[PDB]
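**Q** as they sit in the full assembly, here are the leading chains:
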Amino acid sequence: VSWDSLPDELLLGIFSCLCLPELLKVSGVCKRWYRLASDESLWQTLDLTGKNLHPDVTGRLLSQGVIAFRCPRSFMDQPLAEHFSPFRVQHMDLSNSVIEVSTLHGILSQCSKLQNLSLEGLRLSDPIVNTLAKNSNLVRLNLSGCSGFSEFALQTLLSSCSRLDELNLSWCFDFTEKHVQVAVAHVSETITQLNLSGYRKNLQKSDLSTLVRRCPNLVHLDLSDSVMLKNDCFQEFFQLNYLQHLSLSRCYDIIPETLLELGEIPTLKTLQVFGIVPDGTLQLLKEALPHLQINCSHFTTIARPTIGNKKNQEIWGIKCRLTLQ
Amino acid sequence: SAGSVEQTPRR
Amino acid sequence: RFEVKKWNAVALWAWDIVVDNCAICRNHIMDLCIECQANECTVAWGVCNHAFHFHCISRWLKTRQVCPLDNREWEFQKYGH
Amino acid sequence: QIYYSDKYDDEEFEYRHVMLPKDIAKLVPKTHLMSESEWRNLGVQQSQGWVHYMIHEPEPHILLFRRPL
């Protein structure tokens, strides 16, 4: 009958088997339970997508020891007014979420060990990305479709980080050939997954030549809907004897014949060329090249938070534990 | 010796 | 007197022609042709006292119709068996 | 078929919500949003700048793109 003797270990064991609403309800019992309701193990993984809630609340609930926070397509629409230690979290995704740049910088000022990162759709500034430059341990990066960032701070960010192996940077309207110049000049050449699609008259073949001559190991390359990558570009693709993903869809100047030279590379596994090869002759491509999946993977999964089965509440295999049904 | 026009189509 | 009781002898079967090179496959006529050397030549005779193989003159006569030492049409004269 | 609409727009950007039939509308994922080049690969056509920018839960197979000036 004596509750007053049950220890911290057993009470934490009980609280390890509760759902978020009741868990937050019972935090209001006494000071002891208040300490117990935040023990850097209950809050390991959290998911609060869709919401529009208080920036100080999310700052505290990130300070309490989350290693993987999943919250895309959400709002936190109020500025931040309290600053704490550099946040320990290592898996941050804000893909297509909506939030003001002030709250963005207030939260990203404490980025320390962000192993996997995604900030699709949001507006960022040069101080924001150069505070992101603190993280030299980032591996998966998805900064597609941002606005306001500049080339100088971009390339300083790339020089600062060193574990660049996933990079999804498609449809950032302010990318140019000088942007991809600084990109190749400052990324770690270990990179193997790169996305620079859609920039029809923003990129240039010579910068791709720089990318492939400094990066003979990249495997997953994406520059679709970029007509300004002429046929000699294929030659530089012919340089890469390591590629397995290659997306150059929507390139009118390309032909089904010259792209056959890419199939001359046995390492080429799948190809995403939707549009350049019309119906009928793609089967001839398949017959002439019998180990290539031409236009069979409609999307790339480079540093994407989730993919498949249309439920997939997990993120990169790190299943979140606490959510709201 | 430009295709697949990516303009907004008809109603 | 009589002394003729027993006799045994040997004779050399040879093609009835002057020097035997076939002038095409350059083998000995009694020897074998291109095909009959690299894995059944008989002798086909010409109407102008020339005679060659089968595997050789058949091919050359399929290609052109001349006797290949003397500009003149080719027609058979005698088979070989 | 692929039903477009008028240029109902926000203050600065411009929207035009589209409607897709069963076959080309039965592959939109509940997970995340498509890249503009991604739905170009899937074959939808419209003008330049139309990024797939949000999903509305009541209409899962009915897209609402975005475009700049």
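**A** Perfect, I can see it now. Numbering: from 1, shown residues only, chains lettered A, B, ... in the order given.
**Q** spatially central residue in chain B, please.
**A** residue B:5 (1.9 Å; CA atoms, centre = their mean).
**Q** before we move on, which element is it in?
**A** Assigned by DSSP states H and E, residue B:5 falls within no helix or strand.
**Q** quick one, strands of the chain?
**A** Here I'm looking at chain A. Remark: strands assigned in chain A by DSSP state E are A:45-47, A:68-70, A:91-93, A:116-118, A:140-142, A:166-168, A:193-195, A:220-222, A:245-247, A:270-271, A:293-294.
**Q** looking at chain D here, not the other one
**A** Under DSSP E, chain D gives strands at D:51-54, D:64-66.
**Q** what residue in chain D comes nearest to chain B?
**A** Using CB to the nearest CB, the closest approach of chain D to chain B is made by residue D:47 at 3.7 Å. Just so you know, the C-beta spots here come from the backbone N, C-alpha and C atoms, and that holds for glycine as well.
**Q** tell me which parts of chain D are close to chain A?
**A** For chain D, the contact set with chain A under CB under 8 Å from any CB of the partner chain comprises D:27, D:29-38, D:40-43, D:49, D:51, D:53-55, D:68.
**Q** do chain B as well
**A** Near chain A, when you scan chain B using CB under 8 Å from any CB, you find B:2, B:3, B:4, B:6.
**Q** of the residues you listed, which ones also sit close to chain D?
**A** Okay, of the residues of chain B next to chain A touching chain D (CB under 8 Å from any CB), that's residue B:6.
**Q** just the buried residues out of the residues of chain B next to chain A, in ChimeraX syntax.
**A** Remark: buried members of the residues of chain B next to chain A, expressed as a ChimeraX selection using 16 or more other CB atoms under 10 Å in any protein chain shown:
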select /B:6
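**Q** okay, chain E goes in next:
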Amino acid sequence: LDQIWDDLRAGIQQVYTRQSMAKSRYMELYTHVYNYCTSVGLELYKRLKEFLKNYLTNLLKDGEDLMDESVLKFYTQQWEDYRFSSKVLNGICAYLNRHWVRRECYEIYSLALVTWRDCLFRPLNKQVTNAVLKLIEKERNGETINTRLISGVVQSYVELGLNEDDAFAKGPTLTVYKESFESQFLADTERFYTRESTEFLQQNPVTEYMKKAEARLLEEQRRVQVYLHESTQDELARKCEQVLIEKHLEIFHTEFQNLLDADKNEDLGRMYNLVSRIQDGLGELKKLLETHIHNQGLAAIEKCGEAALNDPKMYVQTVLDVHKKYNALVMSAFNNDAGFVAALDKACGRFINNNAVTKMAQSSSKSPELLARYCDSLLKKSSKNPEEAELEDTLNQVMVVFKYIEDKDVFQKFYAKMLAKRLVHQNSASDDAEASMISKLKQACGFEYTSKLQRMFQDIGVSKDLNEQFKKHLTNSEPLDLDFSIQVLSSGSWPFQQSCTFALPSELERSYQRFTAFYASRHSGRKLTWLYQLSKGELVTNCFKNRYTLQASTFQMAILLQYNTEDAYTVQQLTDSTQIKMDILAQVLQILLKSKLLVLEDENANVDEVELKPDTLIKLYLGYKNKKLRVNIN
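**A** Putting chain E onto the chains we already have gives this:
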């Protein structure tokens, strides 16, 4: 709480120095360490750490500095007691290992192990190891080792592989062992063996040294399984092999030379095993072996000398005997080699194709000729009939000594000529034996090599097919008086010349024309060049009172058919009626005069040296008496 710590320390002191701990006391201790921890127990962990350090130092002060045979007896005994006591202790206070020590963001038994890792780093890490080395240097003699000491020491060194926060609980983490026992062990083993080997190789012959070295290697590989840990096997074996051998290779080679000079075929296998153990060392034994066997075989045929030049069988038997003995040897030296076999073959080739017989004959092609003529003498229809079970075996042997030869052209020519003579004169032992010979020759050197001989067989098959059918055609032709038999050759295969300008006297013409009409009409076009110079026959010569008969070729047949009318002709009358050349005529008349059926002007003069011009009378010896009829005058 401190009202419990004294009783709990009393219990812990009781569990060491194992006075048979009771169970109720075990509940008292566990209940104490539990009811304290649910009151968050770092102070208890520090108390245990300091208690273990205190006990360990108090134990270490006792028993230090016992140079040998006691530090083992003390070390291992206290190690066993301390392991069991600390294991039970870790059993007592498991609650700390469950809750508190789980928050590590230090496990009791591993704590005790780290604490004893202090007593390890002492001169106890030098006295114990050095005493282990000095005791295991009872390899030579003194065998009351009592291996329970070394086993305990080694098990302790392995379990004391450090574990604290390496990554997790690891276990077989042998680093302390590798850096505090093994290296000194290998150094001392190298020292011991490099002493003993050069001590032993001054008072003994090496033939015993290989025996002792094999015993030593097996002994080390044996002791590894009984004292130490498994992962020393390959390294210790490599060190022992690098010391016992791989430094005495010069002596091994200079011994192999004289060992191969004699014929000891057992210790050679032992030296083989030893030099095989090390990497890529054999490549001097090969050169010595092939030079030896080359010289051996060359001197072996040098024994027979010139007296074998005219006797093929002895030559071939000598060479094949040399090869037999040394292949029997290399059946044991390198265990059916790929390289010693190569040395064998190089030497056999180099002394078959160039050696004393062809040294004195000035012709490198002499040896294939003698091999071919040996096969001839083997294949003829001799009287001392070789049975088949030896016949094909001997054929395989000849094919061996063949396949080492290379000048296959001269052998083809000689075998062709001799098979030609053998088949024309119909003096064959076994046609199926010839067929087996030619078939295995074909599979030895392809189809193109054995074409002409295949013809030589098939066309005589054709003649055997045609003769009897011509006789059947002859049932209606009445051949005048003679048994006719012909052999019709191809003209490219069989190496004969045209003729000697004969005449074919009167009697044989009918059969000649009848047969050539039978053949030239049964086939399209064929020009037979009838050669008589090699065509035997028989006479009945019924001018005698005795009815003698002679076996003679067509030349003698015509010379005597001349005698059908008269018996006292002259030389030129025969010469114009037979067209014989002068030398053939001289030879045939010489052979005729070797017997007395033909007589010159004299009767018993020199019948070998006379050379008379055609002005000379040739007379039948009328009253001719002979030793016997049926004489091969050839």
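**Q** coming back round to it: need phi/psi at the residue nearest to the centre of chain B.
**A** With angles defined as degrees, to the nearest 10, residue B:5 sits at phi -60, psi 120.
**Q** middle-most residue in chain A, spatially?
**A** residue A:142 (2.8 Å).
**Q** so what pairs up with that residue in the strands?
**A** Residue A:142 forms beta bridges with residue A:118, residue A:168, as assigned by DSSP bridges.
**Q** any idea how far chain C is from it?
**A** According to CB to the nearest CB, to the nearest Å, residue A:142 stands 69 Å off from chain C.
**Q** part of a helix, is residue E:34?
**A** Yes: counting by DSSP: H, G, I helix; E, B strand; the rest coil, residue E:34 is found in a helix.
**Q** that one: how many residues sit nearby?
**A** 13 (other CB atoms under 10 Å in any protein chain shown).
**Q** surely it touches residue E:95?
**A** Yes: counting by CB atoms under 8 Å, residue E:34 touches residue E:95, with 5.5 Å between them.
**Q** which strands and helices lie in contact with the helix or strand where residue E:60 lies?
**A** Using DSSP H and E, the element containing residue E:60 is helix E:42-61. Other elements packing on helix E:42-61 under the criterion 3 or more CB pairs under 8 Å, 6 or more residues apart in numbering or on different chains; DSSP states H and E are helix E:5-15, helix E:23-37, helix E:108-120.
**Q** looking at those helices, which is closest to residue E:591?
**A** helix E:108-120 (110.6 Å; CB to CB).
**Q** please identify the buried residues of the next helix or strand after the closest one?
**A** Next helix or strand after helix E:108-120 toward the C-terminus (DSSP H and E): helix E:124-136. In terms of neighbour count (16+ other CB under 10 Å), helix E:124-136 has its buried residues at E:124, E:125, E:127, E:128, E:129, E:130, E:131, E:132, E:133, E:135, E:136.
**Q** include this sequence as chain F:
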Amino acid sequence: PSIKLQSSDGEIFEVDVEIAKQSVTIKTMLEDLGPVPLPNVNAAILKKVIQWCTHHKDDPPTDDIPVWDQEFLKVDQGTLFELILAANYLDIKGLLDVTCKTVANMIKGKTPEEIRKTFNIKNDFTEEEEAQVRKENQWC
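**A** Let me add chain F to what's already shown:
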């Protein structure tokens, strides 16, 4: 074999050895040092614990807990509490986990004051930070 265990209040219950080799503490008893008194386990609580050990002697070794606990743990309140405490004491992993889940399913859907009522847990840190901590998690 066999083994008897003394209660904390005197009574003794004969227990099969393989039955009482579930409790990891008693298993490490009979592993080294192969009437044991248990001082922090009430008698009838030990009776219920040994009943549950008996019926689960053939174990293979939220979250859909099996039914026999629901017709077992149907019992008064503090008795359940001391079941949980004894299960933590003897390290009976099975009954510990099932009672943890039972408490978890019994805490859901109650006001905090009824929580401190049934738990009989006194209420400090009150009427001064109540609405404040409510605001700290106002979104629920």
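**Q** now with chain F: the neighbour count of residue E:34?
**A** For residue E:34, using other CB under 10 Å, the count is 18.
**Q** re the thing from before, ok, the residue nearest to the centre of chain A to chain E distance?
**A** Distance from residue A:142 to chain E, by CB to the nearest CB: 30 Å.
**Q** cool, residue C:41 as well?
**A** Counting by CB to the nearest CB - residue C:41 and chain E are separated by 12 Å.
**Q** can you count the residues close to that residue?
**A** 22.
**Q** helix, strand, or coil at whichever residue of chain F sits closest to chain C?
**A** Relative to chain C, the nearest point of chain F is residue F:60 (74.0 Å; CB to the nearest CB). Put simply, residue F:60 is coil when judged by three-state DSSP.
**Q** contact partners for it?
**A** Residue F:60 sits next to no residue when contact means CB atoms under 8 Å, 6 or more residues apart in numbering or on different chains.
**Q** number of residues surrounding the residue of chain A found nearest chain B?
**A** Chain A approaches chain B most closely through residue A:252 (3.7 Å), counting by CB to the nearest CB. Around residue A:252 there are 12 other residues, counting by other CB under 10 Å.
**Q** what sits closest to it if chain neighbours are left out?
**A** residue B:3 (3.7 Å; CB to CB, 6 or more residues apart in numbering or on different chains).
**Q** and for residue E:423?
**A** Excluding the flanking residues, the one nearest residue E:423 by CB to CB, 6+ apart is residue E:460, at 5.7 Å.
**Q** can you tell me what sits against the helix or strand hosting residue E:576?
**A** In this assignment (DSSP H and E), residue E:576 forms part of helix E:571-578. Helix E:571-578 has contacts (CB under 8 Å, 6+ apart) with E:502-503, E:505, E:555, E:558-559, E:562, E:580, E:585, E:589, E:612-616, E:618.
**Q** thank you kindly, that will do.
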